[PDB]
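S.K.: Below are the structure tokens for one structure; questions will follow.
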Amino acid sequence: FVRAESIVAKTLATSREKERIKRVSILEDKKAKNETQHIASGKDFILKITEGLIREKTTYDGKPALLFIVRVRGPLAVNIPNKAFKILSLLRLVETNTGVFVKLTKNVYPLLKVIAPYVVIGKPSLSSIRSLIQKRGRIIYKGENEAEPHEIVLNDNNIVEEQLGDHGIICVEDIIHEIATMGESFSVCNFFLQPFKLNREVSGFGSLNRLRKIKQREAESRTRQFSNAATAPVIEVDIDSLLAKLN
Amino acid sequence: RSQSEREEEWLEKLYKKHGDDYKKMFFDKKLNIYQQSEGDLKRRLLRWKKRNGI
Amino acid sequence: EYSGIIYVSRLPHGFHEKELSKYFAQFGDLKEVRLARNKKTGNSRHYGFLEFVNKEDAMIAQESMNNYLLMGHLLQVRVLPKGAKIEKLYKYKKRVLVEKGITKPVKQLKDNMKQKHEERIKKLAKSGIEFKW
Amino acid sequence: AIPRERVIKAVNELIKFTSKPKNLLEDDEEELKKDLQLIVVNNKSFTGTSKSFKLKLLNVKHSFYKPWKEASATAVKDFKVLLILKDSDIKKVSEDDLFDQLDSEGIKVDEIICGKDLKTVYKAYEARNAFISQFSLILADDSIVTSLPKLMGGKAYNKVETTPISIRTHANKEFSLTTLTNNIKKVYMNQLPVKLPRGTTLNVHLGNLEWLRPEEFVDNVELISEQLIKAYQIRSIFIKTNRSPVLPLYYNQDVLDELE
Amino acid sequence: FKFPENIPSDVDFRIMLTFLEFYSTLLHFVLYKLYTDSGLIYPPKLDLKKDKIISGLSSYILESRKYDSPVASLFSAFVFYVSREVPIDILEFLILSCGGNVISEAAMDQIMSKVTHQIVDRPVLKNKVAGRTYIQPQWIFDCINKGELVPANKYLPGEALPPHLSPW
Amino acid sequence: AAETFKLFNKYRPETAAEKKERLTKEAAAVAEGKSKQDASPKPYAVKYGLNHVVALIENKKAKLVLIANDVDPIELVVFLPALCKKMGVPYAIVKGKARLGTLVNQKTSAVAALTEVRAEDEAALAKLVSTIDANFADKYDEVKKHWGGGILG
RNA sequence: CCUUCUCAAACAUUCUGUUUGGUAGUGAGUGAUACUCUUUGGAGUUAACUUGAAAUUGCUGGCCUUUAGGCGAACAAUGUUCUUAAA
């Protein structure tokens with residue numbers, strides 16, 4: 001017997017989120033078609049939340065890079081539209097606690113303004129990326145005799161060179177290496193290491209962990225800022241300390 | 001019977017903020033938050049002046 | 001006696017007929033649902049009308065919502081009497097502007113400007129305090 | 001340009017017009033309306049094909065806010081100055097910091113308000129409208145300016161005093177109190193607000209006749225009007241009292257040929 | 001080995017966590033006596049950017065405040081070039097047990113004068129430098145089990161290897 | 001009752017720990033001295049002492065009163081609906097004095113008066129008053145006069 | 001039972017200046033003087049006031065797309081589908 005309040009508060013949340021994605025689409029069509037005379041900021045910006053918490057702003061880089069996006073649990077009571085759902089579904093970020101590797105360019109970048117209230121962005125370290133891949137990771141795999149929806153964790157390097165002998169990718173240490181590299185092939189690793197899973201960070205219910213939930217909700221309310229301005233700076237957080245928690 | 005250092009410093013703030021007049025310092029919000037009585041102000045200031053600053 | 005048609009006042013912002021349907025369907029199936037909206041901009045006038053399959057279900061729904069505090073201001077629901085019917089509501093959108101060309105050519109309306117200027121001068125005479133221009 | 005002589009003719013005509021005469025103790029608001037100057041500009045396509053809540057600040061020779069304030073001391077509604085600043089901005093800026101700068105040139109900020117205060121203390125239409133209606137001069141940081149219209153209410157954007165004014169504390173990366181200090185001077189006494197509605201009609205408010213000198217009125221009007229001509233293609237100019245009928249001073253007949 | 005393991009639902013952690021915490025505190029104070037007995041500081045400092053290269057023992061710098069022959073300082077003054085192909089961890093630790101240096105190109109792409117030896121396990125070797133010695137890693141696994149040097153013709157790719165049976 | 005609790009949890013009184021903590025902060029400030037300023041608007045909180053609750057009536061100062069249904073000496077309480085009735089105070093009978101004690105850091109409270117409200121909350125206060133007077137004073141007023149119970153078990 | 005675009009660029013050094021861009025609204029009601037077209041269908045603008053977010057039916061703009069969306073973005077577009085805020 002659903003509620004009378006959430007049905008209205010979610011409707012306001014849909015109005016806000018759909019309108020900010022509308023304003024994003026307007027301003028990005030103005031930047032992309034270069035019919036620009038009336039915008040706020042010509043170039044985009046990258047904000048950096050680190051430790052009373054400092055936030056460093058650097059102008060955008062016209063250069064491809066590695067990112068490890070982290071699907072966050074979204075904000076409180078929002079029904080999310082179809083444009084954001086299309087971008088998240090092309091990036092496989094439904095069923096949260098899934099941080100996935102992605103490429104920074106200028107054409108992939110306008111998606112990052114749209115997914116930003118639902119994910120977090122940042123630069124991870126190759127030791128942390130290493131520990132992610134060597135501790136976590138599934139492979140959808142075609143094997144000996146299966147109905148074949150099956151995923152194996154990263155054990156066999158010969159299974160790796162079996163499907164990736166064409167690109168010449170062997171020995172998952174090299175998959176870590178060339179996710180770091182992105183000079184020959186990175187999206188092949190997106191096809192191969194296609195699934196990802198992270199743990200839920202708090203034990204959750206119960207007294208000793210509800211305090212932890214409250215403190216970390218205060219931490220998340222500090223670290224995440226919601227812009228809704230369509231000139232939204234990209235917010236990077238250190239994934240390196242973050243994977244001391246989530247891996 | 002002398003005066004305490006905080007409240008004589010408070011009187012010293014009042015002595016420089018308003019001067020000597022009492023109707024202005026009576027209706028002062030800042031540094032008269034206890035809203036002292038009209039003449040208690042006079043008594044404490046005269047005691048403070050006899051103690052220090054003529 | 002009372003009908004199944006229902007008046008609801010004091011609606012919160014962004015709370016529309018879809019949400020009215022999705023909520024009041026849980027009371028029972030409803031016949032019709034409308035919101036009083038504004039013409040230039042399709043915004044709520046904060047009152048609307050419900051209709052149910054039953055009058056008894058309408059009264060049950062009206063009881064649990066008549067002094068209902070909700071999202072700020074409280075709500076007030078009243079069933080209508082048996083002699084009451086729904087009339088004249090429409091989901092108005094935001095009506096955007098239209099631009100249509102001036103029909104007269106530029107020299108006809110130059111002449112219209114010249115006529116209206118002299119005419120306003122004649123009005124400044126007619127009102128009238130002196131104005132040589 | 002515009003024949004200044006004709007403007008002096010029209011303003012003396014309007015002085016003669018307002019000089020024409022159970023009564024109220026407290027005088028009619030309409031009686032206060034029938035003494036005031038408003039500039040009306042017919043101009044081709046004054047839309048930007050979009051709503052423009054931003055006010056243009058026109059550089060004006062004279063400052064009507066000081067005779068406003070001097071008559072406002074006699075008047076019932078008292079002239080008040082509102083600034084809306086950031087949270088960190090209010091944390092840094094204090095009131096004596098403003099008051100010392102403003103007593104140098106002899107003005108006064110009434111109040112300073114955070115957007116937090118708009119979104120929780122006055123998050124109620126009655127209290128918000130009552131709080132806004134106290135004020136004549138409303139200033140806001142340019143960063144906050146484009147965040148305002150959900151917080152301000154459209155009843156604030158209906159009138160000219162109630163709509164806020166863009167002003168900047170920043171000149172570098174951070175703000176400087178010098179920038180806000182001379183910037184409130186610029187916006188106060190050297191600039192006049194301009195609403196930018198749709199249609200072909202522009203209404204510009206000047207002010208009551210009793211406040212300024214009539215040739216000073218003429219000088220301010222001609223300066224503003226030349227600024228407008230250099231700004232926009234203008235059909236005509238009618239200046240008047242909102243009780244009075246219009247007064248045709250200047251018009252360009254070829255603008256309408258140039259539209260199409 | 002550092003592989004993602006399927007977790008067993010059969011086990012209960014509630015015992016192994018108690019063993020964990022007990023062994024953690026016990027080994028903690030034993031590391032205290034071994035660090036103070038070795039005369040250096042018990043908290044080991046690490047450069048953060050060295051940890052960002054690799055999360056290993058080589059992340060830690062070890063302060064101040066001979067080696068037993070032959071296994072300690074076996075391969076003295078010896079410069080390795082471990083590949084990106086090899087498992088970096090246990091070979092890194094063996095070279096650190098030797099005292100030689102570690103150069104891996106996997107560490108390099110985070111961002112070669114003295115390198116003489118490649119530990120690599122690949123069929124086709126690209127640059128095929130005759131100055132640099134090409135060796136499959138069992139040579140390190142067999143040299144330290146003997147304490148002594150052996151010829152690397154078996155350890156040259158792609159020669160087959162003796163079935164290693166360790167000294168047990 | 002849910003929105004009433006959402007209201008009064010905005011106006012929780014200060015605990016003894018939070019009190020002593022702020023005291024130690026300002027006392028360490030004066031101990032350095034470092035006499036920072038002399039400024040604090042007022043504390044606003046719920047009022048919960050029973051004689052204090054009655055004391056806030058007969059001025060009147062009580063904007064809202066919550067009254068627990070269950071008190072074992074009921075006679076402590078029985079005049080309060082008629083007293084707020086004649087004084088015109090918007091009383092409401094709440095269910096459970098433990099829920100009163102939770103919002104006031106006591107075991108039980110059995111009364112809950114609220115007088116002073118910030119300007120952010122004052123508009124919510126008036127509509128809550130109108131809500132209660134619609135939901136309580138209109139619904140239950142005539143049946144209040146009737147002899148309850150009497151039906152056997 | 002949610003929380004609202006809390007800055008951009010250019011020039012210049014003046015211990016901070018100068019220019020430009022960046023803002024869709026709470027509903028209802030009163031009402032001055034007018035302006036502009038549209039081809040009578042009115043449309044779009046213009047002073048000022050009221051109101052506890054108050055509340056009772058103003059009958060069906062146009063154009064375009066898909067099976068609802070844009071006109072403040074045209075090969076423009078959109079859905080209500082996130083679970084340790086559980087049970």
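Ordering of the structure tokens sets the chain letters (A, B, ...); residue numbers start at 1 within each chain; ligands are numbered from 1 in the order shown.
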Restrict the distance test to only C-alpha atoms, flag each residue of chain D within 12 Å of chain A, and return the flagged residues as a VMD selection string.

M.R.: chain D and resid 48 50 142 to 144 146 to 147 150 173

S.K.: With N, CA, C and O atoms retained, could you export that selection as a PDB file, in the first residue's frame?

M.R.:
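Output file again.pdb follows:
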```pdb
ATOM      1  N   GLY D  48      15.017  37.565 -26.893  1.00  0.00           N
ATOM      2  CA  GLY D  48      16.168  36.829 -27.373  1.00  0.00           C
ATOM      3  C   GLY D  48      15.682  35.475 -27.840  1.00  0.00           C
ATOM      4  O   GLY D  48      16.444  34.504 -27.888  1.00  0.00           O
ATOM      5  N   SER D  50      13.796  33.967 -25.940  1.00  0.00           N
ATOM      6  CA  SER D  50      13.973  33.243 -24.690  1.00  0.00           C
ATOM      7  C   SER D  50      13.814  34.245 -23.561  1.00  0.00           C
ATOM      8  O   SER D  50      14.078  35.435 -23.755  1.00  0.00           O
ATOM      9  N   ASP D 142      27.095  36.786  -8.979  1.00  0.00           N
ATOM     10  CA  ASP D 142      26.829  36.347 -10.344  1.00  0.00           C
ATOM     11  C   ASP D 142      26.785  34.831 -10.452  1.00  0.00           C
ATOM     12  O   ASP D 142      26.078  34.265 -11.293  1.00  0.00           O
ATOM     13  N   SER D 143      27.564  34.167  -9.604  1.00  0.00           N
ATOM     14  CA  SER D 143      27.475  32.725  -9.472  1.00  0.00           C
ATOM     15  C   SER D 143      26.122  32.305  -8.910  1.00  0.00           C
ATOM     16  O   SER D 143      25.557  31.291  -9.331  1.00  0.00           O
ATOM     17  N   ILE D 144      25.580  33.076  -7.966  1.00  0.00           N
ATOM     18  CA  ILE D 144      24.325  32.680  -7.334  1.00  0.00           C
ATOM     19  C   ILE D 144      23.141  33.094  -8.195  1.00  0.00           C
ATOM     20  O   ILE D 144      22.086  32.445  -8.162  1.00  0.00           O
ATOM     21  N   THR D 146      22.415  32.849 -11.333  1.00  0.00           N
ATOM     22  CA  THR D 146      21.832  31.803 -12.162  1.00  0.00           C
ATOM     23  C   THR D 146      21.337  30.611 -11.356  1.00  0.00           C
ATOM     24  O   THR D 146      20.840  29.646 -11.946  1.00  0.00           O
ATOM     25  N   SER D 147      21.464  30.648 -10.031  1.00  0.00           N
ATOM     26  CA  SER D 147      20.836  29.637  -9.189  1.00  0.00           C
ATOM     27  C   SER D 147      19.569  30.150  -8.532  1.00  0.00           C
ATOM     28  O   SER D 147      18.785  29.355  -8.007  1.00  0.00           O
ATOM     29  N   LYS D 150      14.653  29.400  -8.740  1.00  0.00           N
ATOM     30  CA  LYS D 150      13.848  28.454  -7.973  1.00  0.00           C
ATOM     31  C   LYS D 150      13.667  28.941  -6.545  1.00  0.00           C
ATOM     32  O   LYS D 150      12.660  28.640  -5.895  1.00  0.00           O
ATOM     33  N   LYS D 173      40.879  34.694  -9.126  1.00  0.00           N
ATOM     34  CA  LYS D 173      40.533  33.356  -8.639  1.00  0.00           C
ATOM     35  C   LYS D 173      39.677  33.494  -7.383  1.00  0.00           C
ATOM     36  O   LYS D 173      38.564  32.944  -7.345  1.00  0.00           O
TER      37      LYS D 173
END
```

S.K.: As a PyMOL selection string, please: the residues near residue C:32 (cut-off 10 Å, only C-alpha atoms (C1' of nucleotides), same-chain neighbours under 6 positions excluded).

M.R.: chain C and resi 5-6+17+21+49-53+86

S.K.: Would you write out those residues with N, CA, C and O atoms, as a PDB file, in the first residue's frame?

M.R.:
```pdb
ATOM      1  N   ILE C   5     -17.945  10.760  -7.727  1.00  0.00           N
ATOM      2  CA  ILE C   5     -17.067  11.821  -8.193  1.00  0.00           C
ATOM      3  C   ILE C   5     -16.573  12.632  -6.997  1.00  0.00           C
ATOM      4  O   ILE C   5     -17.297  12.854  -6.017  1.00  0.00           O
ATOM      5  N   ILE C   6     -15.317  13.058  -7.071  1.00  0.00           N
ATOM      6  CA  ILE C   6     -14.519  13.466  -5.926  1.00  0.00           C
ATOM      7  C   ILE C   6     -13.781  14.749  -6.269  1.00  0.00           C
ATOM      8  O   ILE C   6     -13.181  14.858  -7.341  1.00  0.00           O
ATOM      9  N   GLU C  17      -1.746  13.776 -12.421  1.00  0.00           N
ATOM     10  CA  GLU C  17      -2.836  12.830 -12.628  1.00  0.00           C
ATOM     11  C   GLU C  17      -2.323  11.406 -12.690  1.00  0.00           C
ATOM     12  O   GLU C  17      -3.035  10.468 -12.319  1.00  0.00           O
ATOM     13  N   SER C  21      -3.640   8.599 -10.245  1.00  0.00           N
ATOM     14  CA  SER C  21      -4.089   7.283 -10.680  1.00  0.00           C
ATOM     15  C   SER C  21      -3.341   6.184  -9.950  1.00  0.00           C
ATOM     16  O   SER C  21      -3.949   5.269  -9.381  1.00  0.00           O
ATOM     17  N   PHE C  49     -10.028  16.344  -9.720  1.00  0.00           N
ATOM     18  CA  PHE C  49     -11.249  15.563  -9.621  1.00  0.00           C
ATOM     19  C   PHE C  49     -10.960  14.098  -9.882  1.00  0.00           C
ATOM     20  O   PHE C  49     -10.223  13.752 -10.813  1.00  0.00           O
ATOM     21  N   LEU C  50     -11.560  13.250  -9.062  1.00  0.00           N
ATOM     22  CA  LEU C  50     -11.479  11.809  -9.198  1.00  0.00           C
ATOM     23  C   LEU C  50     -12.870  11.279  -9.484  1.00  0.00           C
ATOM     24  O   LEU C  50     -13.861  11.944  -9.186  1.00  0.00           O
ATOM     25  N   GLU C  51     -12.931  10.097 -10.074  1.00  0.00           N
ATOM     26  CA  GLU C  51     -14.153   9.326 -10.220  1.00  0.00           C
ATOM     27  C   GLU C  51     -13.786   7.869 -10.031  1.00  0.00           C
ATOM     28  O   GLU C  51     -12.763   7.416 -10.546  1.00  0.00           O
ATOM     29  N   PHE C  52     -14.596   7.149  -9.275  1.00  0.00           N
ATOM     30  CA  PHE C  52     -14.346   5.744  -9.008  1.00  0.00           C
ATOM     31  C   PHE C  52     -15.439   4.884  -9.609  1.00  0.00           C
ATOM     32  O   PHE C  52     -16.463   5.391 -10.077  1.00  0.00           O
ATOM     33  N   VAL C  53     -15.195   3.576  -9.600  1.00  0.00           N
ATOM     34  CA  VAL C  53     -16.205   2.626 -10.039  1.00  0.00           C
ATOM     35  C   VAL C  53     -17.353   2.573  -9.029  1.00  0.00           C
ATOM     36  O   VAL C  53     -18.498   2.270  -9.383  1.00  0.00           O
ATOM     37  N   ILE C  86     -18.503  15.417 -14.260  1.00  0.00           N
ATOM     38  CA  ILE C  86     -17.213  16.009 -14.586  1.00  0.00           C
ATOM     39  C   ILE C  86     -17.340  16.836 -15.862  1.00  0.00           C
ATOM     40  O   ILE C  86     -18.029  16.440 -16.812  1.00  0.00           O
TER      41      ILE C  86
END
```

S.K.: Expressed in Å to a single decimal, how great is the separation between atom CA of residue A:202 and atom CA of residue A:71?

M.R.: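 Computed distance, atom CA of residue A:202 to atom CA of residue A:71, equals 16.1 Å.
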
S.K.: Taking only C-alpha atoms (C1' of nucleotides) into account, what are the residues of chain G at most 12 Å from chain F, put as a list in words?

M.R.: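 For chain G, the answer reads residues 1, 52 and 53 of chain G.
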
S.K.: Keeping C-alpha atoms (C1' of nucleotides), export the residues of the selection given above as a PDB file, in the first residue's frame.

M.R.:
```
ATOM      1  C1'   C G   1       8.758  13.733   2.843  1.00  0.00           C
ATOM      2  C1'   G G  52      -1.581  30.746   6.163  1.00  0.00           C
ATOM      3  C1'   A G  53       1.246  26.877  -0.895  1.00  0.00           C
TER       4        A G  53
END
```

S.K.: Which residues of chain F come within 12 Å of chain B, and what is each one's closest atom pair and distance in Å (one decimal), counting only C-alpha atoms, sorted by chain and residue number, as JSON lines?

M.R.:
```
{"residue": "F:30", "atom": "CA", "partner": "B:6", "partner_atom": "CA", "distance": 9.4}
{"residue": "F:31", "atom": "CA", "partner": "B:6", "partner_atom": "CA", "distance": 11.3}
{"residue": "F:33", "atom": "CA", "partner": "B:6", "partner_atom": "CA", "distance": 9.3}
{"residue": "F:34", "atom": "CA", "partner": "B:6", "partner_atom": "CA", "distance": 11.2}
{"residue": "F:35", "atom": "CA", "partner": "B:6", "partner_atom": "CA", "distance": 8.8}
{"residue": "F:36", "atom": "CA", "partner": "B:31", "partner_atom": "CA", "distance": 11.8}
{"residue": "F:37", "atom": "CA", "partner": "B:31", "partner_atom": "CA", "distance": 8.5}
{"residue": "F:38", "atom": "CA", "partner": "B:31", "partner_atom": "CA", "distance": 6.4}
{"residue": "F:39", "atom": "CA", "partner": "B:30", "partner_atom": "CA", "distance": 7.5}
{"residue": "F:40", "atom": "CA", "partner": "B:33", "partner_atom": "CA", "distance": 9.3}
{"residue": "F:41", "atom": "CA", "partner": "B:33", "partner_atom": "CA", "distance": 10.2}
{"residue": "F:42", "atom": "CA", "partner": "B:33", "partner_atom": "CA", "distance": 11.6}
```

S.K.: Can you tell me, as an MDAnalysis selection string, what residues are no more than 10 Å from residue G:74 when counting only C-alpha atoms (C1' of nucleotides), ignoring any on the same chain fewer than 4 positions away?

M.R.: chainID G and resid 64:65 70

S.K.: Mind listing as a PyMOL selection string which residues of chain D are within 7 Å of chain G, counting only C-alpha atoms (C1' of nucleotides)?

M.R.: chain D and resi 42+50-51+53-54+86+125+143-151+153-154+171+179+197-201+203+242-245

S.K.: Report as a PyMOL selection string all protein, DNA and RNA residues lying within 7 Å of residue D:252, evaluated on only C-alpha atoms (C1' of nucleotides), omitting residues in the same chain fewer than 4 positions from it.

M.R.: chain D and resi 234-236

S.K.: Tell me as a VMD selection string which residues belonging to chain F come within 12 Å of chain C, counting only C-alpha atoms.

M.R.: chain F and resid 1 to 4 7 121 123 to 139
